[PDB]
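Student: Protein chains in written order, with the authors' numbering: chain SI, 2 to 43, 49 to 174; chain SM, 3 to 154; chain SG, 101 to 245; chain SE, 2 to 146, 150 to 261.
For every residue, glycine included, the Cβ atom is placed at its ideal position computed from N, Cα and C.
Sharing a structure, written as structure tokens. Questions coming.
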RNA sequence: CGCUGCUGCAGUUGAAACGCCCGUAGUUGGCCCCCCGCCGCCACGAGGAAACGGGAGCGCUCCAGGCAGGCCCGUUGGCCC
RNA sequence: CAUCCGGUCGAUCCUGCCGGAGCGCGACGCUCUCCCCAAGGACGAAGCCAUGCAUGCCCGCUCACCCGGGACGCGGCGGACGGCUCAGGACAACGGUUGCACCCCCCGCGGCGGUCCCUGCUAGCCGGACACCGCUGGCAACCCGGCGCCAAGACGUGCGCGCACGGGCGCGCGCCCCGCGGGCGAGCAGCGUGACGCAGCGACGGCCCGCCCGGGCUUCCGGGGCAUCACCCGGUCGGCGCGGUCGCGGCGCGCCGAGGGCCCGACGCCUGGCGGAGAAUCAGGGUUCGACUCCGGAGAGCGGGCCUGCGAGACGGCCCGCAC
């Protein structure tokens with residue numbers, strides 16, 4: 002019965018609004034499919055939900071891995087995907103390991119370790135590439151699109167975010 | 003840089019990684035001149051404000067009716083109340099009754115706004131519950147020019 | 101809908117039971133007469149292995165049939181009792197040379213419509229690219245001015 | 002409100018079809034297609050009522066059930082298939098050819114045309130779309146879907165045979181132009197001016213042949229020949245007969261009656 | 001029924017000036033600058049269904065009707081709301 | 001389309017209302033010679049219902065039948081349109097006016113039409129898997145069981161060109177701004193570039209695109225009474241990060257502030273409140289009424305909740321709580 006209909010909301014004047022209609026199908030809402038990071042992969051089940059007009063949406067509910075891109079060198083590769091670090095809206099969601107765009111995550115450096123040989127390719131991603139995990143944030147809507155692609159964090163977002171989570 | 007702000011903000015239209023180097027093909031902000039003869043403000047061109055809801059430097063696009071009204075309230079952050087004075091004609095008695103309609107407008111930091119000033123609003127996809135209008139120009143007045151019910 | 105539980109109980113008025121492995125001492129009624137199977141396979145693939153042609157596999161066998169032969173049993177409507185209309189399943193999954201021609205017709209048509217499009221794009225590509233350079237031939241004059 | 006409506010009441014029906022108020026609870030409803038609902042007329046009425054060929058609505062469906070009627074050079078048989086502006090409709094059993102035109106009052110009129118006139122069709126160019134994998138495309142007033153030096157509002161002379169661009173009537177001041185919508189439908193005049201206003205609803209000013217500057221919306225403007233009508237004009241030349249000039253015609257008609 | 005009063009009602013005595021005064025909203029504000037800018041205002045367009053009200057044309061035998069009819073505006077069914 | 005007369009006194013002139021006088025539209029009494037036209041269980045009971053009917057149409061397969069006469073089931077389309085009634089709903093609905101650069105849309109119409117595979121292929125083009133129907137059976141009824149068998153333009157699989165390609169990506173214009181397009185009033189598009197996915201449709205090519213017909217919302221102005229209702233609201237008001245949706249949005253969630261409304265009447269309450277197109281009465285101005293024809297809403301005893309579908313939060317669908 003979830004709905005985004007405005008009828009159930011009060012007015013600007015804080016006034017109750019008469020309910021002129023029963024909930025309608027067009028204004029319907031569906032359960033948030035919380036994409037869940039698998040963590041160790043040793049399953050990606052992605053659902054497909056019928057929409058309005060017989061369209062389709064892919065709902066990620068559990069998945070690991072996914073395409074990532076190093077914007078500074080403009081090289082793009084699939085990555086294993088490690089634990090979510092930071093959620094910017096909740097500290098519980100990070101520990102739960104739910105995936106949603108804007109949630110910063112660690113990634114394995116092994117696919118992108120090929121740039122350690124190269125030199126002066128920034129300095130921050132050089133130290134993450136040397137390290138097991140790379141700081142990266144998600145750029146895809148895991149629940150609506152069904153994929154969780156992301157961009158490796160580079161420059162200022164990485165600077166502010168590192169300070170936000172890593173130091174104790 | 004702060005310790006109190008929970009989430010980092012940038013422009014989706016700009017690239018944060020780009021800012022690290024190449025001091026040639028470098029742009030500070032993805033601002034575009036608005037149509038309907040709207041000049042992009044200079045404060046907006048040289049402006050370090052993220053403003054996703056900025057008409058000039060943000061995803062917001064101005065399409066629809068464009069109105070002109072006074073500034074009634076500005077207590078909200080990045081939002082002002084535009085009082086729209088107007089006249090209603092009665093036919094049973096041939097006189098006009100004065101009316102007032104308050105409208106909510108998202109204001110960019112490029113606009114510095116004080117009460118009693120007159121703002122030129124424009125239509126926007128609803129930004130919030132009460133905000134379907136964005137400011138495209140702000141005109142100040144000396145001190146408080148009284149009120150005088152002006153249907154601008 | 102109300103349903104009885106799968107585990108059986110004495111309560112059920114009736115049940116149903118099917119031989120999995122047949123015993124000796126064949127029953128007078130349960131095991132003896134094989135009810136004549138009817139509804140002869142119509143599938144061509146089924147017909148190929150059913151009529152001793154599986155080895156032929158892809159083949160123009162065309163017509164092999166086992167059919168009921170007791171007239172048609174609806175000859176009373178024809179009003180002629182002494183007739184023997186064939187009682188046969190129409191072949192299913194049949195392949196004809198018109199079917200082959202139909203595949204070739206549509207494959208020629210798909211290729212033809214695709215080919216016409218490919219050549220046309222190159223012609224329009226010239227129109228636009230040449231037009232931008234042709235505009236340059238005009239822009240020469242203001243510089244002369 | 003549930004799903005799409007599939008009925009059109011007689012009072013709901015547009016005035017141009019001129020379907021009698023009584024005798025019928027509901028008029029026929031057009032199908033989604035080349036022309037719009039109030040921008041097109043039904044094919045059944047054009048034969049059943051306008052020409053009186055079909056005694057009943059059903060016996061109009063019978064006539065095209067077996068192919069016997071064509072729109073824009075294509076069989077286009079469906080009874081309520083929309084037949085709209087500048088349509089080449091030809092009855093080959095009657096051996097007659099008729100462009101569907103707008104009368105000065107504004108109603109649709111079937112006007113007989115030559116085989117050369119049947120050879121070409123006029124349709125306005127809607128805004129160019131950039132879809133279909135980057136191949137440039139543009140739609141018509143008949144929805145049919150190119151030449152690079154063309155803009156919106158201009159009329160393409162699609163042959164219906166080649167199914168390709170032929171003579172493109174560019175939208176510029178002074179072209180002899182027809183009015184598709186508004187009160188002065190059917191009137192023909194050169195476009196005196198255009199005021200865009202850089203917002204929406206560009207103003208249209210039209211000098212007629214007799215010096216009366218009629219006006220309409222810029223969307224409702226149809227080009228009819230870059231120079232010269234380039235079509236079979238019904239014998240009114242969009243002169244706008246006045247209500248008294250119409251009473252003269254009617255009274256002489258009654259005299260002849 | 002101008003006995004609801006915008007047009008257009010009454011309050012000395014038939015019903016009815018607050019006992020008096022300050023006063024915020026409200027409403028109302030002498031003249032005065034010609035020459036533009038926003039107002040309001042007024043005219044003119046454009047665009048947005050009919051039925052309906054009006055109205056052209058018409059003998060339903062007359063009519064209330066109807067958009068018919070007639071040896072025909074490209075027969076009509078305009079045009080206004 | 002501008003009209004009065006009767007009624008306070010012994011008479012008089014006033015104010016003042018009473019009563020007549022005309023019309024409409026319902027009851028009600030008495031009567032009606034026809035012909036034509038015609039409303040019709042709205043009116044404090046959206047109360048309850050016996051009975052019969054109100055959505056079917058075709059074969060895509062036909063092995064029965066029996067000459068394509070062709071049932072029976074599956075298959076496709078329609079059953080959301082149509083009919084009904086105003087219960088609810090008072091910045092709502094409804095109307096004019098706008099916007100979707102914030103979107104969804106079957107049929108139809110006019111077009112595009114390279115579909116990777118490792119492979120695995122039967123691609124001269126494939127599978128298994130069931131209704132129907134037999135064969136035995138239950139049940140008081142309703143309703144269905146098991147067996148055995150066979151079909152489909154049903155469904156499942158499947159070759160198929162690296163401008164393969166649905167999606168979602170990361171990266172690709174700028175120098176105070178303002179003037180060319182594939183563009184527009186406006187950085188919108190459509191791609192190139194580097195990845196991912198392997199979406200469709202393909203066993204009788206449609207993937208897909210536009211037009212359009214509707215929606216989904218949205219802008220602006222209009223949008224009942226009551227002060228014996230003067231103070232209201234607390235997702236309420238802004239911002240931020242997500243989700244969720246066809247999509248924008250407090251639309252849901254966290255987070256962060258402190259708003260948003262009001263004597264130009266807010267909020268609260270009430271309404272024998274559907275709204276307009278219109279209707280009645282009438283010099284002019286007003287007044288009065290909007291059940292029903294047209295349109296838009298909203299509902300199908302009452303609340304909820306749902307799948308199917310291109311579209312219904314459907315009730316001549318289903319499911320549950322509450323009545324009866």
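1) Going along the chain, which unbroken runs of the beta strand (DSSP E) with 3 or more residues stay wholly within the stretch 104–152 of chain SI?
2) Does the beta carbon of residue 231 of chain SG come closer than 8 Å to any beta carbon on chain SE?
3) Just reading off the alpha helix (DSSP H) that residue 232 of chain SG is part of, what are its end residues?
4) Applying the 10 Å Cβ sphere with the 16-neighbour rule, what's the burial state of residue 23 of chain SE?
5) In terms of residue numbering, what span does the alpha helix (DSSP H) encompassing residue 100 of chain SI cover?
6) Can you find a C-beta in chain SE that's less than 8 Å from the C-beta of residue 228 of chain SG?
7) Does any C-beta atom of chain SM lie closer than 8 Å to the C-beta of residue 98 of chain SI?
8) Is there contact here, the stretch 8–23 of chain SM with the stretch 73–93 of chain SI, by at least three beta-carbon pairs under 8 Å?
9) For residue 136 of chain SM, name the three-state secondary structure that DSSP assigns.
10) Could you check whether residue 156 of chain SG and residue 143 of chain SG sit closer than 8 Å to each other, using their CB atoms as the reference points?
11) Nearest-angstrom Cα distance between residue 81 of chain SM and residue 53 of chain SI?
12) Can you tell me whether residue 129 of chain SM is buried or exposed? The criterion is at least 16 other CB atoms within 10 Å of its CB, across all chains shown.
13) Between SE:116, SE:215, SE:95, SE:122, which has its C-alpha nearest residue 101 of chain SE's C-alpha?
14) Are there three or more Cβ pairs, one per stretch, closer than 8 Å when the stretch 95–105 of chain SM is compared with the stretch 20–37 of chain SM?
15) Got a sec: is the Cβ-Cβ distance from residue 173 of chain SI to anything in chain SM below 8 Å?
16) Closer than 7 Å between beta carbons: that is the criterion. Which residues of the stretch 131–142 of chain SM meet it against chain SI?
17) Can you tell me the Cα-Cα spacing of residue 127 of chain SM and residue 134 of chain SM, whole angstroms?
18) Give the list of continuous alpha helix (DSSP H) stretches no shorter than 4 residues that lie fully inside the stretch 115–152 of chain SG.
19) What would DSSP say about residue 9 of chain SI, mapped onto helix, strand or coil?
20) Where DSSP assigns a beta bridge to residue 28 of chain SE, which residues make up the other side?
21) Using C-beta distances below 7 Å, list every residue in its chain close to residue 170 of chain SG, excluding the 5 sequence neighbours before and after it, in chain order.
22) For a quick check, are the C-beta atoms of residue 245 of chain SE and residue 112 of chain SE less than 8 Å apart?
23) Relative to the alpha-carbon of residue 103 of chain SM, which residue among SM:95, SM:114, SM:88 has its alpha-carbon at the smallest distance?
24) With 7 Å as the limit, tell me which residues of the stretch 240–259 of chain SE have their beta carbon closer than that to any beta carbon of chain SG; keep them in chain order.
25) Mark residue 115 of chain SI as exposed unless 16 or more other C-beta atoms lie within 10 angstroms of its C-beta, in which case mark it buried.
26) Assuming residue 148 of chain SE contacts residue 178 of chain SE (C-beta within less than 8 Å), just tell me the rounded distance between them.
27) Could you check the C-alpha separation between residue 240 of chain SE and residue 108 of chain SE for me, to the nearest Å?
28) Find the residues of chain SG that neighbour residue 83 of chain SE, judging by a C-beta separation of less than 9 Å, and give them in chain order.
29) Which stretch, first to last residue, makes up the beta strand (DSSP E) that contains residue 53 of chain SI?
30) Going residue by residue through the stretch 9–94 of chain SM, where are the continuous alpha helix (DSSP H) segments of at least 4 residues, counting only ones entirely within it?
31) Among residues of its own chain, excluding the 5 on either side of residue 107 of chain SM, which ones have a beta-carbon nearer than 6 Å to its beta-carbon?
32) Can you say whether residue 106 of chain SI is buried or exposed, counting buried as having 16 or more other CB atoms within 10 angstroms of its CB?
33) Closest to residue 65 of chain SI by CA distance: which of SI:148, SI:170, SI:160, SI:163 is it?
34) Using DSSP with H/G/I as helix, E/B as strand and the rest coil, what is residue 149 of chain SM?
35) Within the continuous beta strand (DSSP E) that includes residue 144 of chain SM, where are the two ends?
36) Measure from the alpha carbon of residue 137 of chain SG to the alpha carbon of each residue in SG:102, SG:168, SG:153, then state which is nearest.
Tutor: Looking at the atomic coordinates:
1) Fully enclosed beta strand (DSSP E) runs of 3 or longer: 110–114, 139–144.
2) One-based indexing of the third chain puts residue 231 of chain SG at position 131. The Cβ of residue 231 of chain SG sits closer than 8 Å to at least one Cβ of chain SE.
3) For this step, residue 232 of chain SG is matched to residue 132 along the third chain. Taken as a continuous stretch (DSSP letters only), the alpha helix (DSSP H) holding residue 232 of chain SG covers 197–244.
4) Locating residue 23 of chain SE in the fourth chain gives position 22, where the first residue counts as 1. Label assigned to residue 23 of chain SE: exposed.
5) Against the first chain, residue 100 of chain SI aligns to sequence position 94. Unbroken alpha helix (DSSP H) run through residue 100 of chain SI: 98–102.
6) The count along the third chain starts at 1 and reaches residue 228 of chain SG at position 128. Chain SE contact via Cβ: present.
7) Mapped onto the first chain, residue 98 of chain SI falls at position 92. Contact of residue 98 of chain SI with chain SM is not assigned, every C-beta pair being separated by 8 Å or more.
8) Because the criterion of three Cβ pairs below 8 Å is met, the stretch 8–23 of chain SM and the stretch 73–93 of chain SI touch.
9) For this step, residue 136 of chain SM is matched to residue 134 along the second chain. Residue 136 of chain SM falls in the strand class under three-state DSSP.
10) Reading the third chain from its first residue, position 43 is the one you call residue 143 of chain SG. Reading the third chain from its first residue, position 56 is the one you call residue 156 of chain SG. No, these two residues do not count as a Cβ contact at 8 Å.
11) Here the question's residue 81 of chain SM lines up with position 79 in the second chain. Here the question's residue 53 of chain SI lines up with position 47 in the first chain. Take the alpha-carbon of residue 81 of chain SM and the one of residue 53 of chain SI: they are about 40 Å apart.
12) Indexing the second chain from 1 puts residue 129 of chain SM at position 127. So residue 129 of chain SM counts as buried.
13) In the fourth chain, the residue the question calls residue 101 of chain SE occupies position 100. In terms of CA proximity to residue 101 of chain SE, SE:122 leads the group SE:116, SE:215, SE:95, SE:122.
14) Inter-segment contact for the stretch 95–105 of chain SM and the stretch 20–37 of chain SM is absent: fewer than three beta-carbon pairs are separated by less than 8 Å.
15) As a first step, residue 173 of chain SI is located in the first chain; it is residue number 167 there, counting from the start. Output row for residue 173 of chain SI: interface = no.
16) For chain SI, the residues of the stretch 131–142 of chain SM that bring a beta carbon within less than 7 Å of one of its beta carbons are 132, in chain order.
17) What you label residue 127 of chain SM is simply residue 125 of the second chain in a count that begins at 1. What you label residue 134 of chain SM is simply residue 132 of the second chain in a count that begins at 1. Between residue 127 of chain SM and residue 134 of chain SM, the C-alpha separation is close to 6 Å.
18) For secondary structure counted as the alpha helix (DSSP H) over 4 or more consecutive residues, the stretch 115–152 of chain SG holds these complete runs in sequence order: 144–150.
19) Here residue 9 of chain SI is taken as the residue at index 8 of the first chain, counted from 1. Looking at residue 9 of chain SI - three-state DSSP - the assignment turns out to be helix.
20) Your numbering for residue 28 of chain SE matches position 27 in the fourth chain. Answer by DSSP bridge pairing, in chain order: SE:9.
21) To locate residue 170 of chain SG, count along the third chain from 1; it is residue 70. Take residue 170 of chain SG, set aside five residues on each side of it, and no residue of its chain has a beta-carbon closer than 7 Å to its own.
22) Within the fourth chain, numbered from 1, the residue matching residue 245 of chain SE stands at position 241. Within the fourth chain, numbered from 1, the residue matching residue 112 of chain SE stands at position 111. Cβ distance not < 8 Å, so residue 245 of chain SE and residue 112 of chain SE don't count as in contact.
23) Along the second chain, read from residue 1 onward, the residue named residue 103 of chain SM stands at position 101. Nearest option by C-alpha distance: SM:88.
24) The residues in question: there are none.
25) Stepping through the first chain from its first residue, residue 115 of chain SI is reached at position 109. Buried, because 16 or more other Cβ atoms sit within 10 Å of the Cβ of residue 115 of chain SI.
26) A break in chain SE separates 146 from 150, and the residue in question, residue 148 of chain SE, sits inside that break with no coordinates.
27) Here residue 240 of chain SE refers to the residue found at position 236 when the fourth chain is read from its first residue. Here residue 108 of chain SE refers to the residue found at position 107 when the fourth chain is read from its first residue. Cα-Cα distance, rounded: 13 Å.
28) As a position in the fourth chain, residue 83 of chain SE is number 82, starting the count at 1. What residue 83 of chain SE touches in chain SG: nothing, since even the nearest Cβ is about 27 Å away.
29) Reading the first chain from its first residue, position 47 is the one you call residue 53 of chain SI. Boundaries of the beta strand (DSSP E) harbouring residue 53 of chain SI: 51–56, taken from the DSSP string.
30) Restricted to the stretch 9–94 of chain SM, the alpha helix (DSSP H) segments that are unbroken, complete and at least 4 residues in length are 44–47, listed in chain order.
31) To locate residue 107 of chain SM, count along the second chain from 1; it is residue 105. Closer than 6 Å at the Cβ level, and outside the excluded window around residue 107 of chain SM, lie 82, 84, 123, 135, 137.
32) For the purposes of this step, residue 106 of chain SI is identified with residue 100 of the first chain, where counting begins at 1. By the neighbour-count rule (16 or more Cβ atoms within 10 Å), residue 106 of chain SI is buried.
33) Sequence index remark: in the first chain, residue 65 of chain SI carries index 59 (1-based). Comparing Cα positions, the closest option is SI:148.
34) Along the second chain, one-based indexing puts residue 149 of chain SM at 147. Judged by DSSP in its simplified three-state form, residue 149 of chain SM adopts coil rather than helix or strand.
35) Counting from 1 along the second chain, the entry for residue 144 of chain SM is found at position 142. Neither: residue 144 of chain SM is in no beta strand (DSSP E) and is coded neither H nor E.
36) Translated into the one-based positions of the third chain, residue 137 of chain SG becomes position 37. Residue 137 of chain SG has its Cα closest to that of SG:168, out of SG:102, SG:168, SG:153.
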